[PDB]
Structures are given as C-alpha cells and as structure tokens.
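Right, one structure below, let's go through it.
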Amino acid sequence: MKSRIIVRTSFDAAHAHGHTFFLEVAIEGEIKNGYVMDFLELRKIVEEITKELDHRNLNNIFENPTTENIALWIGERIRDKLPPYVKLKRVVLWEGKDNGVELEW
Amino acid sequence: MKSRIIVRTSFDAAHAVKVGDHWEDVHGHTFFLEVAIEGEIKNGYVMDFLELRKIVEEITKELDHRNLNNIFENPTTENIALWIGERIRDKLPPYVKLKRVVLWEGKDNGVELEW
Amino acid sequence: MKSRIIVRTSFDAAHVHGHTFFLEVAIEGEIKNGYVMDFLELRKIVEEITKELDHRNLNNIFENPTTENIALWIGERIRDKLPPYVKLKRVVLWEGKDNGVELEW
C-alpha cells in the first residue's frame with residue numbers, strides 16, 4: 001500500500017494571458033504518528049513557491065511558459081523544500097478548469 | 001488495461017487533531033470520500049454501482065454526524081482513511097479488489113491510499 | 001518520470017433516463033519543446049467523438065450502453081486518432097457527479 005497527502009492550491013499569472021491555475025500536489029510517505037506530513041506544512045511550501053508566480057508575467061521567468069514547463073518548474077522546487085522521508089509523487093497543474101498537465105514520479 | 005468503478009460520497013464529522021501531547025480545537029468538516037474498486041468487465045460491467053455505494057455508505061454512516069475523537073485515538077485524515085479502507089475491503093465481493101481510497105477533509109486537503 | 005496532458009469535457013446522453021456525462025482523458029508522451037501535445041488538438045479529437053453521443057439515446061448505438069462499455073468505445077475511438085508520439089493513458093467517465101468508470105492503460 002502507498003499513502004500520500006494531497007493539497008490543492010491556486011494562483012494567477014499570464015503568458016503568451018492571465019489565467020487561474022489549479023495546482024494539486026501529492027506527497028508520498030509512510031504514515032507515522034497518524035500522518036504522512038503536516039497539511040499546513042506542505043501548503044506553506046507550495047504557497048511559497050506559487051507566490052513567485054502569482055500574478056506575474058511567466059514569459060520573463062520562462063523561455064517558454066507552457067503548462068508542462070510551469071509544472072516541471074514547480075515540482076523541482078517543491079522537492080527541494082520537502083522534509084526527508086517523503087517524496088514528490090504527483091503534480092497536477094490545470095490552466096483553466098478542464099485543461100491540465102499531470103507529472104508522476 | 002485496468003478497469004475500475006468509482007463511487008463518491010460524503011459525510012460530515014467534527015474532530016480535533018493531536019497538536020502536542022494534548023490536543024487542539026474542535027472544528028466541523030464535510031468529508032468527501034472516493035472509492036475505486038478494480039475488476040474485470042463482464043457482460044458490460046465491473047460491479048454494480050449501487051451495490052458498492054451501499055457497502056461504502058453503511059461504513060461512512062458510522063462516522064456521519066459524529067465527534068471523531070470519540071472513535072479514534074487520533075482522528076487524522078490518514079487514520080480515518082485507513083479505517084475506511086479496512087472496512088470496505090472486508091465487505092467487497094470475491095471478484096473485485098480495493099484499488100484506491102481518497103478522503104478529503106474539505107476540498108483542499110486529502111489523503112490517498114492505493115493498493 | 002511520466003508526463004500527461006488532461007482534457008475534460010461533458011455531454012448529455014440517455015440510456016432510458018438521461019444523464020450528464022463528465023469525461024476526462026489523459027494522454028501520455030514526452031515533453032518536447034515545452035509540451036506533450038497541444039490541448040486544442042486533443043480537445044478537438046475528443047469532442048469530435050463525444051458529439052456523436054451528445055443528445056442521443058445510447059441504447060440505439062450500443063447493445064449494452066453501460067458506463068464501462070461507453071468508456072471503452074470512447075477510448076478506442078481516441079486511440080485511433082491520436083498522433084504517433086503519444087499514448088492513451090486514461091479515460092474516466094462519470095455518469096453524473098458521483099459515479100464513474102476509470103480505464104487505465
């Protein structure tokens with residue numbers, strides 16, 4: 001069995017023009033003391049990351065601000081801030097409400 | 001190719017999670033449960049939707065409108081999910097397998113268990 | 001690491017009672033040039049398929065229009081139109097908001 005905690009967040013940003021992004025992050029790990037990892041913690045991490053995207057011109061931070069590339073970008077930074085013993089399992093980034101990218105490790 | 005039927009249901013419950021060696025602050029939530037069952041498609045279907053929903057809802061019924069701290073030593077979303085999964089597995093017919101349980105405490109935070 | 005793009009769409013159909021079906025299609029491929037496949041091309045492929053069921057009595061097109069059989073049929077139609085460097089990874093068909101069939105390849 002695999003156990004993971006999931007957090008959903010959202011942020012806005014424009015590229016080429018100002019969309020709402022729905023982010024879903026799944027973190028895998030063992031259940032210890034009743035939990036994989038603190039919900040608030042993970043949300044703090046993710047929000048710090050998206051705060052750098054929030055209402056900004058992605059085309060300045062990305063050579064090509066595609067949903068796939070924005071997701072890759074986010075995953076790399078989530079991973080760097082994750083505590084030990086857990087791993088980034090999945091990142092789902094929706095640009096709009098029915099169009100998204102799913103990265104799975 | 002794998003084929004699964006999925007049922008979504010919800011229940012409400014209040015609880016306070018362990019926040020030191022003591023506890024925390026009682027708050028109420030709507031919990032959203034998603035159960036995925038895997039099986040072979042025979043004569044057009046894996047398992048009757050209603051049959052599964054009834055199994056699942058008999059289980060969530062035990063939690064619905066309850067103070068979870070009265071039922072779990074530490075009612076974290078993970079522990080509740082584990083308990084739900086054990087109960088469901090125990091009642092599934094012999095031709096399907098419990099594949100996944102996703103429990104959401106509200107819509108922004110959840111736990112996913114996969115077999 | 002695996003990468004997929006996801007498109008969601010909906011259509012109404014009967015089988016006889018009538019329901020709103022919510023379809024989610026996941027396509028797997030390599031991220032190249034910032035993307036796996038353009039969302040619009042995928043959406044066009046999926047909706048060109050779903051339009052055949054929209055506002056129809058599934059019992060006149062399917063011998064046994066179970067959600068499972070519809071999902072299977074949809075998946076094969078999509079598979080036959082996808083570009084060469086991509087693969088149909090998942091089809092989730094919801095008959096209403098609370099019940100669905102997930103097919104994963």
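Scheme for the structure tokens: letters A, B, ... for chains in order shown; per-chain residue numbers from 1; ligand numbers from 1 in order shown.
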Dump as JSON lines the rows for residues of chain A within 9 Å of chain C: closest atom pair and distance in Å with one decimal, only C-alpha atoms counted, ordered by chain and rising residue number.
```
{"residue": "A:64", "atom": "CA", "partner": "C:34", "partner_atom": "CA", "distance": 6.5}
{"residue": "A:65", "atom": "CA", "partner": "C:34", "partner_atom": "CA", "distance": 7.8}
{"residue": "A:66", "atom": "CA", "partner": "C:34", "partner_atom": "CA", "distance": 5.7}
{"residue": "A:67", "atom": "CA", "partner": "C:35", "partner_atom": "CA", "distance": 7.6}
{"residue": "A:68", "atom": "CA", "partner": "C:35", "partner_atom": "CA", "distance": 5.6}
{"residue": "A:69", "atom": "CA", "partner": "C:34", "partner_atom": "CA", "distance": 5.7}
{"residue": "A:94", "atom": "CA", "partner": "C:6", "partner_atom": "CA", "distance": 8.5}
{"residue": "A:97", "atom": "CA", "partner": "C:8", "partner_atom": "CA", "distance": 8.1}
{"residue": "A:98", "atom": "CA", "partner": "C:8", "partner_atom": "CA", "distance": 4.6}
{"residue": "A:99", "atom": "CA", "partner": "C:7", "partner_atom": "CA", "distance": 4.8}
{"residue": "A:100", "atom": "CA", "partner": "C:6", "partner_atom": "CA", "distance": 5.0}
{"residue": "A:101", "atom": "CA", "partner": "C:5", "partner_atom": "CA", "distance": 4.3}
{"residue": "A:102", "atom": "CA", "partner": "C:4", "partner_atom": "CA", "distance": 5.0}
{"residue": "A:103", "atom": "CA", "partner": "C:3", "partner_atom": "CA", "distance": 4.6}
{"residue": "A:104", "atom": "CA", "partner": "C:2", "partner_atom": "CA", "distance": 5.1}
{"residue": "A:105", "atom": "CA", "partner": "C:1", "partner_atom": "CA", "distance": 4.6}
```
| What lies within 12 Å of residue C:17 using only C-alpha atoms, ignoring chain neighbours under 4 positions off, as JSON, numbers by chain? | {"C": [12, 13, 55, 56, 57, 58, 59, 95, 96]}
| task | Compute the set of chain B residues within 12 Å of chain A, using only C-alpha atoms, and express it as a PyMOL selection string. | result | chain B and resi 17-21+72-83+85-86+98-115
| request: Could you tell me, as a PyMOL selection string, which residues of stretch 17-67 of chain A DSSP assigns to helix (DSSP H, G or I) when given the backbone? | output: chain A and resi 39-50+58-61+67
Those selected residues, please, written with C-alpha atoms and delivered as a PDB file, in the first residue's frame.
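Result written to again.pdb:
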```pdb
ATOM      1  CA  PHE A  39      -1.129  19.553   5.665  1.00  0.00           C
ATOM      2  CA  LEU A  40      -0.300  23.098   6.758  1.00  0.00           C
ATOM      3  CA  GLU A  41       3.420  22.497   6.216  1.00  0.00           C
ATOM      4  CA  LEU A  42       3.011  21.275   2.642  1.00  0.00           C
ATOM      5  CA  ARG A  43       0.644  24.155   1.912  1.00  0.00           C
ATOM      6  CA  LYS A  44       3.201  26.615   3.298  1.00  0.00           C
ATOM      7  CA  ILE A  45       5.840  25.141   0.993  1.00  0.00           C
ATOM      8  CA  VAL A  46       3.632  25.185  -2.099  1.00  0.00           C
ATOM      9  CA  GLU A  47       2.323  28.679  -1.413  1.00  0.00           C
ATOM     10  CA  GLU A  48       5.877  29.999  -1.053  1.00  0.00           C
ATOM     11  CA  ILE A  49       6.608  28.557  -4.481  1.00  0.00           C
ATOM     12  CA  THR A  50       3.494  29.785  -6.298  1.00  0.00           C
ATOM     13  CA  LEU A  58       5.714  33.955 -16.686  1.00  0.00           C
ATOM     14  CA  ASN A  59       7.375  34.739 -20.021  1.00  0.00           C
ATOM     15  CA  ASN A  60      10.053  36.599 -18.092  1.00  0.00           C
ATOM     16  CA  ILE A  61      10.928  33.714 -15.798  1.00  0.00           C
ATOM     17  CA  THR A  67       1.790  24.430 -18.585  1.00  0.00           C
TER      18      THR A  67
END
```
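The closest residue to chain C, picked from B:59, B:16, B:84, B:33 and counting only C-alpha atoms, is B:33.
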